[PDB]
């Protein structure tokens, strides 16, 4: 099977949106978009889910040491070789107010992750090549009923409206594939941040078409 690594945040993990903000559970394996993707691709492909809620591109979160994408990705890639493709959808969390990041800052973080994929040939002592990469801008954020979410994401929605533009620019420069998740879904979760069942479905269907086109 052609092997697809899906590297991302809560949107990849499958965070179930709740009115009271948190805590929550995971979408069922056949509902979250990585599951929909695997179903839509069929047996000639394998999907590997590496989504961590609250994950950033490459910036340490001051409240949680687990969240820097770039600290984890190189070890993740070597762990899962042989790979054919890495889909990265990250940057939503970089727009949290407390990071004080501009869209350029966030694209630069994404550029680090693309470079980690591109330079990943061989892993630790193997003959395996580097997989391809697909850079995916998340859909823009939406209004948030929970006061804590409103606070931590102050200015975030505006920044997320820029990610498709800056990611497409970056990907064009680096000569890698790009897809805008916002072109196929809006962020419809009740919390204004996460996905509904339909968002997951529509995104999984769309990415399957991207995956077949690249591989």
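Positions refer to the first chain, counted from 1.
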{"item": "Selected stretch [higher average CA B-factor]: 43-51 or 149-157", "value": "43-51"}
{"item": "Between 24-32 and 165-173 (mean CA B-factor, as deposited), the higher", "value": "24-32"}
{"item": "Residue 204 - Cα temperature factor, lowest/middle/highest third of chain", "value": "highest"}
{"item": "CA B-factor placement of residue 67, once the chain's modelled residues are sorted into thirds", "value": "lowest"}
{"item": "Where the record places residue 197 (Cα B-factor, split into thirds across the chain)", "value": "highest"}
{"item": "Position of residue 9 among the chain's modelled residues by C-alpha B-factor, lowest, middle or highest third", "value": "lowest"}
{"item": "Residue 126, C-alpha B-factor rank within chain (lowest, middle or highest third)", "value": "middle"}
